[PDB]
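Protein chains in written order, with the deposited numbering: chain E, 25 to 241; chain D, 10 to 307; chain B, 10 to 307; chain I, 1 to 105; chain C, 7 to 260; chain A, 53 to 156; chain J, 2 to 117. Everything below concerns the one structure shown next.
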Amino acid sequence: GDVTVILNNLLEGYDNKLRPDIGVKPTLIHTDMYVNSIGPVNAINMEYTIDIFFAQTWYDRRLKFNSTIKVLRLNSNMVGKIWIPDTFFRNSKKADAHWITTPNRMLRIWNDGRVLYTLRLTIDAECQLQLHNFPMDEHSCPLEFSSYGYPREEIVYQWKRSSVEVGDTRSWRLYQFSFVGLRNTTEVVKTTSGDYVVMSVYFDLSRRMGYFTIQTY
Amino acid sequence: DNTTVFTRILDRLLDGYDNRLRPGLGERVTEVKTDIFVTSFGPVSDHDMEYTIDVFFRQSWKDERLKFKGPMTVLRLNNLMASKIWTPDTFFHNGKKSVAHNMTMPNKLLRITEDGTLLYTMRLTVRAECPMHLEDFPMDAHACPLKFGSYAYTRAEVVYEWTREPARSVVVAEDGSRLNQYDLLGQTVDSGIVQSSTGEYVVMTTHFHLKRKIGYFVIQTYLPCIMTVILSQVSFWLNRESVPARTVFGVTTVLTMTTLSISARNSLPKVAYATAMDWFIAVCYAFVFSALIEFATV
Amino acid sequence: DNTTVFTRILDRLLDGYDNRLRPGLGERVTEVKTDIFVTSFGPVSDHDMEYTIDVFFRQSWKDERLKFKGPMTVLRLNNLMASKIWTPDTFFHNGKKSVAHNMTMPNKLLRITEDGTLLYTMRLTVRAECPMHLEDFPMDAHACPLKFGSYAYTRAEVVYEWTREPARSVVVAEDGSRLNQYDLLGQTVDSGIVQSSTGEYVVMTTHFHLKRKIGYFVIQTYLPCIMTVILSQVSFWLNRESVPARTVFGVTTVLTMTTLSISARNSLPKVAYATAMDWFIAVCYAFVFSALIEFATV
Amino acid sequence: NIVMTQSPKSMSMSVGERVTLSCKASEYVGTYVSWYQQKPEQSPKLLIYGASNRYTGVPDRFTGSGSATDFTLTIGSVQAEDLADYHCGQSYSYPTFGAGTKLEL
Amino acid sequence: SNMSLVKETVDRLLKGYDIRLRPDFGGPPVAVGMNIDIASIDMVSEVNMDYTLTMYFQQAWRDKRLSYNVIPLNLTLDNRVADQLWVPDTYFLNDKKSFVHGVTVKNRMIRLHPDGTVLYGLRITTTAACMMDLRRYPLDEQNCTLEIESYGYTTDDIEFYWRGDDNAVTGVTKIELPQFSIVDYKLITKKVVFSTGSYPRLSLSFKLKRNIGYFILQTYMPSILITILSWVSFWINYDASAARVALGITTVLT
Amino acid sequence: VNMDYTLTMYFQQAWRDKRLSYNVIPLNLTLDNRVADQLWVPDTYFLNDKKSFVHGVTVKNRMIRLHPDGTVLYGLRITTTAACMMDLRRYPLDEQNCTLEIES
Amino acid sequence: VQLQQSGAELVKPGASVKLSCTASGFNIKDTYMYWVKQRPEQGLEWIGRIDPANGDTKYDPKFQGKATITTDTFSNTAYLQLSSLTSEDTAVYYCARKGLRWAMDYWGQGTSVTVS
Ligand SMILES: *[C@@H]1O[C@H](CO)[C@@H](O[C@@H]2O[C@H](CO)[C@@H](O[C@@H]3O[C@H](CO[C@H]4O[C@H](CO[C@H]5O[C@H](CO)[C@@H](O)[C@H](O)[C@@H]5O[C@H]5O[C@H](CO)[C@@H](O)[C@H](O)[C@@H]5O)[C@@H](O)[C@H](O[C@H]5O[C@H](CO)[C@@H](O)[C@H](O)[C@@H]5O)[C@@H]4O)[C@@H](O)[C@H](O[C@H]4O[C@H](CO)[C@@H](O)[C@H](O)[C@@H]4O[C@H]4O[C@H](CO)[C@@H](O)[C@H](O)[C@@H]4O[C@H]4O[C@H](CO)[C@@H](O)[C@H](O)[C@@H]4O)[C@@H]3O)[C@H](O)[C@H]2NC(C)=O)[C@H](O)[C@H]1NC(C)=O
Ligand SMILES: *[C@@H]1O[C@H](CO)[C@@H](O[C@@H]2O[C@H](CO)[C@@H](O[C@@H]3O[C@H](CO)[C@@H](O)[C@H](O)[C@@H]3O)[C@H](O)[C@H]2NC(C)=O)[C@H](O)[C@H]1NC(C)=O
Ligand SMILES: *[C@@H]1O[C@H](CO)[C@@H](O[C@@H]2O[C@H](CO)[C@@H](O[C@@H]3O[C@H](CO)[C@@H](O)[C@H](O)[C@@H]3O)[C@H](O)[C@H]2NC(C)=O)[C@H](O)[C@H]1NC(C)=O
Ligand SMILES: *[C@@H]1O[C@H](CO)[C@@H](O[C@@H]2O[C@H](CO)[C@@H](O)[C@H](O)[C@H]2NC(C)=O)[C@H](O)[C@H]1NC(C)=O
Ligand SMILES: CCc1c(C(=O)OC)ncc2[nH]c3cc(OC)c(OC)cc3c12
Ligand SMILES: CCc1c(C(=O)OC)ncc2[nH]c3cc(OC)c(OC)cc3c12
Ligand SMILES: CCc1c(C(=O)OC)ncc2[nH]c3cc(OC)c(OC)cc3c12
Ligand SMILES: *[C@@H]1O[C@H](CO)[C@@H](O)[C@H](O)[C@H]1NC(C)=O
Ligand SMILES: *[C@@H]1O[C@H](CO)[C@@H](O)[C@H](O)[C@H]1NC(C)=O
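The following block contains the structure:
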């Protein structure tokens with residue numbers, strides 16, 4: 025009864041077409057990521073697969089509820105009511121969310137208006153490979169994302185300190201390669217519509233020549 | 010008229026019902042009882058390190074808000090009623106691409122008991138990743154897992170338990186088995202808790218134990234290797250004078266062994282380390298080569 | 010303001026309109042006038058026995074419930090108006106899988122005349138099954154049909170007809186022909202009636218006449234077979250002493266002939282009967298065998 | 001463009017005998033043939049539309065047989081009031097008509 | 007006048023209609039009769055161990071809520087009305103993937119009758135799993151089936167049956183496969199018990215005999231021809247070692 | 053073999069709509085992409101595309117941006133498999149010419 | 002349901018004339034109007050047709066240019082106009098409807114044209 029009243033009050037007179045602080049200042053989003061597994065790195069198409077939990081955090085003044093509850097832990101039902109950033113991956117050939125048994129989405133609204141929204145993703149990203157001096161070659165395939173319709177004056181992304189977290193790496197489907205490490209980056213890219221803040225993550229992979237060795241050499 | 014009583018009951022259940030809030034959101038932890046009936050254990054694709062499986066996924070919990078009194082103790086309802094009430098949001102950690110079947114209507118059922126207990130079953134196909142260690146290929150066995158748990162609810166809100174004795178909770182149909190070159194020895198289940206940056210979650214695990222069948226690899230790979238080696242030693246019995254005959258024996262045998270190596274290596278996925286079959290092919294290749302060198306020395 | 014009169018007209022049209030009832034549901038027959046413009050005749054897959062085709066499927070009928078008077082005589086509305094009114098449920102009897110193109114918006118146009126006439130066009134790709142008899146392969150011609158009618162509306166309720174003269178109602182674009190190894194000679198339309206359990210329906214039929222091109226096969230198989238036969242003949246002129254050379258002729262001719270015989274069969278689907286190509290290959294193989302027999306005799 | 005040839009140009013018999021008329025199309029017309037009868041000092045009347053369908057208000061005596069190019073009209077048990085011309089026409093393309101058949105006695 | 011009367015009757019029927027409750031919700035089981043018109047069978051593959059078949063799937067039950075007695079003619083409705091009526095939740099146990107054809111509209115049919123009977127048609131393509139025994143391949147007979155069952159309704163709620171027992175399924179004889187022959191087919195009715203209850207089931211099964219001509223021309227004949235070369239090797243003289251050895255090796259390679 | 057090519061692009065369209073003009077706000081406000089379902093947008097289509105989709109992660113890759121004078125921008129990230137019938141007579145010394153017809 | 006054709010007429014050679022075919026019981030906009038000429042003791046000859054909804058007309062090659070066909074959609078009639086009339090044009094002209102598989106279901110009473 026209490027939580028129902030809180031959720032009803034939050035959504036009365038709420039416009040999800042308008043970003044928080046629309047006419048005031050840019051919305052700052054603290055993106056975070058957990059890397060479940062990096063799939064095969066093929067070469068016939070110069071791409072690789074990755075499976076991640078993507079988390080985004082921002083502040084929404086319109087969702088400040090005053091009560092004894094510290095946090096509202098909600099499922100995917102409420103995702104479609106509040107404003108959500110339109111983040112897409114710039115260098116992804118194809119991506120998809122998961123919908124079994126129900127949409128793999130989460131939403132947690134804190135007392136001070138903070139919102140945390142996470143979802144499970146499977147991305148096929150294109151990383152051009154320097155096909156000279158292979159299989160002796162070593163690369164670093166990137167993963168880039170940014171807002172689609174909001175330029176730098178509206179949405180700003182920012183990595184946390186411990187954003188990217190990787191799993192065991194023993195069960196990963198990297199046969200030819202191995203996971204050396206990763207980096208991260210942020211820049212500004214000028215497009216026809218405007219200037220966008222582009223975030224990047226680099227996965228450094230070292231190659232293993234065993235398979236081609238045995239097969240051909 | 011006759012059914013208006015049931016319509017009134019169903020309208021009473023839903024009015025003033027919030028499906029954004031889990032049962033007992035104030036004073037307890039929602040316990041969800043899981044149960045899997047495997048109608049068919051689909052094929053295993055070692056190239057992708059994944060397997061397919063069709064299941065009836067059954068879940069049961071208690072909702073105080075759905076109590077009622079009527080001529081029937083259990084309401085065997087349509088599956089579109091399930092979108093109005095709270096249902097657990099389970100997901101498969103290692104799942105890759107699952108599908109919830111929708112022919113000719115959604116393959117779901119919902120049943121409400123007068124005391125408020127719900128049974129929610131659904132039919133779905135899961136493509137799950139099964140890591141494989143092919144050191145003993147083709148004499149190898151595997152334990153393909155299937156993990157699931159709650160997205161968005163930590164251990165303090167939703168917990169998972171097996172409906173029956175954990176040994177009898179996952180059941181495989183006797184008729185249904187679509188394995189071509191594997192054998193399902195058995196299954197074992199386990200439960201645990203996983204720490205995460207977003208909280209602690211309850212993870213339910215199942216292992217399907219597989220053993221490979223060797224006959225195909227025998228006939229396709231080993232028998233030709235044995236025959237070619239036998240031919241290589243047959244080469245010795247010819248007269249030394251007939252040099253061309255021995256030369257062609259040697260060349261053709263070496264070539265057959267090379268082509269069989271490149272052919273046998275393509276079956277299994279590309280992997281850095283070497284398999285047992287690879288050692289067998291290598292040793293047979295060594296024998297053929299030594300035989301040819303012996304002829305050259307003679 | 011200038012847009013408000015048209016909004017009033019559109020609101021007047023829809024109010025008190027039941028799109029579940031076909032026009033003239035009580036007394037007369039809804040007579041739908043059809044038409045096709047083929048933007049491209051896609052590839053023909055003999056292995057699956059099917060062909061692809063892209064069309065602008067046009068349908069027109071009369072609905073007295075949609076008469077209006079206003080500043081303009083014809084209304085050119087979006088493709089979301091067609092979901093509010095009743096439209097015929099046409100389908101392709103021999104289709105395998107079709108797509109109604111949806112990029113960037115649904116490819117549909119609806120136009121309403123002041124007398125109630127409707128023009129309803131839509132762009133879609135059809136994969137239709139085309140039975141083929143391959144006895145004369147590759148010197149064969151086919152008529153691949155495209156039959157469409159109504160689902161659930163028998164002849165007593167909905168009847169189809171060609172918009173223009175039947176000979177000019179299926180138009181093929183001059184620049185649209187994606188056929189690689191075929192030629193489209195022409196098409197013919199017929200209109201008939203089909204009996205089924207649910208009732209008696211009207212079927213519009215169209216045949217596209219195709220003739221296969223033999224250029225590829227001549228270079229691929231026929232010339233190689235002739236050259237193998239000639240090489241096999243060459244053995245006669247060799248000196249009797251050089252037995253190994255003639256043995257090599259025989260073995261290589263037979264091996265390449267077997268490879269060619271295997272190659273030829275994969276060009277077409279598994280069929281019990283024997284194609285003309287198979288007869289030619291068999292006769293050439295018989296000629297090689299006869300050359301060897303003559304060798305043995307001499 | 002498409003020529004329709006009607007045979008016989010004329011033929012007759014007594015009342016009640018089966019009578020058959022034959023019309024053949026030079027090219028392909030897929031059941032879009034029609035049969036009309038023109039009484040003296042009158043306009044044509046449609047008898048058979050499509051290859052075989054019988055027009056409303058026509059006795060069951062008349063029947064039409066169809067094909068791609070060879071069509072026939074049979075009058076089972078001809079009565080004594082069927083003494084008019086008979087025209088076959090095709091509508092697969094721009095309409096054309098046959099020379100007509102005269103029926104007497 | 008009929009248009010207005012039909013509209014009034016249709017609005018009257020759907021008014022206050024509870025789609026969540028099956029016909030005779032508290033009463034005895036509702037009976038559903040099924041026809042099938044097989045339209046084609048395709049892609050009977052051993053690699054995937056399945057086959058594809060298109061069909062017109064029809065069901066027929068009686069819903070007393072939909073009975074009308076003022077419009078003396080059975081009326082067909084736009085297929086979209088099927089989203090406002092109760093229809094059984096039939097499913098195919100052994101299918102892999104299937105769809106209802108959706109061009110130019112969803113190939114679905116609703117046909118009411120004055121007494122209350124509902125006729126519900128669908129054009130469905132489904133890839134069904136057929137586990138094949140290849141011990142006698144390519145001289146083997148296969149037995150592929152379709153497993154129709156109710157999901158959420160037990161035998162206390164719904165009962166299935168073939169409508170027109172022998173004539174329930176039509177169009178099988180007209181089917182033509184490239185390398186197969188439909189020896190015969192059978193219609194089976196039974197009940198299956200799960201942990202949740204017993205459910206009505208119908209099975210449609212086909213017996214397929216594989217044609218051997220293709221294989222005779224493809225595989226069996228070349229091998230018999232190759233053995234001829236080995237005998238030819240026997241004919242050649244003993245002196246020509248190189249020729250005879252080349253003959254043997256070429257035979258093995260082919 | 054398929055006589056087609058694939059390409060991803062950022063497809064953008066601009067048109068002026070009197071009904072969407074405002075004068076009390078001096079900025080070119082950008083709306084959530086779900087508002088595109090409540091406005092009028094042209095029914096552009098590609099005549100020679102075999103299959104195409106609009107990328108949908110994390111949300112439909114779609115843009116709307118009004119302007120005070122009424123101008124509307126409408127962006128989409130599309131992947132389309134257009135058809136391109138090739139002449140292979142000079143293969144592999146051939147030059148191809150692949151198009152993309154955009155029509156209303 | 003009925004086509005009320007013009008009355009009989011007499012025209013001197015080398016002149017031009019026009020004929021009317023009034024239609025009742027239906028709207029000509031929904032069908033194609035046909036014009037057929039029958040010289041005495043010869044088979045029917047197709048002159049041309051008009052699609053009243055947009056005025057599209059197609060003519061037999063023989064009569065191309067000779068005849069012009071138009072429709073008065075408001076008054077619901079079709080018109081045939083013959084020009085440069087000769088002594089071989091004397092015949093009976095018919096006005097015909099279209100429906101049910103392009104069959105010319107309805108015909109007019111026929112109009113007589115006589116050239117001296
Ligand atoms: C050209 O035509 C194309 C064909 O039509 C067209 O593609 C179609 O586009 C539409 C719209 O973009 C798609 O519809 C959306 O689908 C989203 C999910 O998409 C994935 O899943 C579908 C199948 O969806 C089923 O499963 C999900 C999850 O399980 C359910 O949520 C669905 O309702 C649906 O459920 C049924 O079906 C199951 C069987 O499958 C049954 O078991 C089950 O019981 C149900 O019967 C797939 O088909 C998709 O695949 C396609 O798309 C991907 C995209 O990448 C492609 O790659 C792929 O190749 C395919 O093409 C995909 O995998 C839905 O989430 C979405 O619905 C939400 O949003 C809309 C819009 O606001 C709402 O109206 C709607 O109500 C939903 O919002 C509610 O739910 C979300 C949770 O998801 C909440 O967060 C939200 O707050 C809201 O909750 C509120 O409402 C609830 C009521 O639903 C209520 O319960 C809550 O309590 C709360 O009040 C939308 O339906 C459609 O799938 C596409 N189909 C295909 C074949 O592509 C294409 O766009 C056209 N092109 C152009 C240019 O126009
Ligand atoms: C799986 O199957 C079920 C039932 O066959 C599908 O449910 C149906 O979904 C359609 C489209 O989402 C629903 O139509 C909608 O109706 C609302 C009004 O209620 C309207 O606003 C929409 O525009 C649309 O027409 C339909 O009512 C619904 N039927 C039932 C019984 O639930 C489901 O969509 C299927 N899932 C997939 C992925 O195909
Ligand atoms: C293809 O395989 C199916 C599956 O085995 C065969 O169906 C089987 O058919 C037999 C005889 O028709 C059934 O046995 C009968 O059972 C009834 C039960 O009441 C009993 O009264 C009879 O005396 C008889 O024993 C059997 O149940 C049925 N299998 C299943 C699983 O239901 C089918 O015959 C095979 N061949 C063809 C051409 O379909
Ligand atoms: C991910 O990005 C963050 C922010 O850009 C990086 O955080 C910096 O970490 C270094 C430690 O090596 C600190 O000295 C800096 O002060 C941090 N910057 C900020 C703004 O906090 C982080 O190093 C990146 N992780 C990588 C590249 O692996
Ligand atoms: C830690 C990743 C994660 C995230 C995320 O994005 O963190 C960056 N969000 C929501 C999540 N729900 C989970 C449920 C789980 O088990 C049932 C689970 O298992 C390890 C992980 C998550 C999870
Ligand atoms: C003659 C042995 C051989 C050779 C060769 O050259 O050895 C001299 N090459 C390739 C081969 N593939 C085989 C497949 C078989 O089973 C179906 C088989 O069965 C006995 C033998 C072979 C075989
Ligand atoms: C006769 C040689 C040959 C052989 C063989 O070894 O038979 C003895 N096998 C495959 C072949 N494909 C060819 C294609 C050609 O061009 C169209 C061609 O030139 C006319 C010759 C061959 C050919
Ligand atoms: C409706 O259909 C049934 C069965 O097809 C038939 O018996 C009945 O006569 C039909 N009703 C009418 C009014 O034609
Ligand atoms: C709004 O968009 C236009 C687009 O050309 C741009 O010129 C203008 O600077 C923008 N206004 C603001 C305040 O960013």
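Backbone N, C-alpha and C define an ideal beta-carbon position, used for all residues, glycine too.
Classification of residue i by the beta-carbon crowding that lies within 10 angstroms, buried from 16 upward
i: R221 (chain B); result: buried
i: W288 (chain B); result: exposed
i: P41 (chain J); result: exposed
i: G25 (chain B); result: exposed
i: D192 (chain B); result: exposed
i: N85 (chain C); result: buried
i: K78 (chain D); result: exposed
Whole-angstrom C-beta distance between residue j and residue i, which should lie under 8 Å
i: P52 (chain B); j: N189 (chain B); result: 6 Å
Residue i: CB within 7 Å of a non-hydrogen atom of ligand 8
i: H119 (chain C); result: yes
i: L72 (chain C); result: no
Closer than 8 Å to chain I by CB, residue i
i: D44 (chain B); result: no
Residue i Cβ short of 7 Å to ligand 5 heavy atom set
i: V203 (chain D); result: yes
Beta carbon proximity, residue i to chain J, threshold 8 Å
i: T63 (chain I); result: no
Residue i: CB within 7 Å of a non-hydrogen atom of ligand 7
i: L235 (chain C); result: no
Ligand 3 heavy atom lying under 7 Å from the CB of residue i
i: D139 (chain C); result: no
Min CB distance residue i to chain A below 8 Å
i: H110 (chain B); result: yes
Proximity test, residue i beta-carbon vs ligand 6 heavy atom, cut-off 7 Å
i: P144 (chain C); result: no
i: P233 (chain D); result: yes
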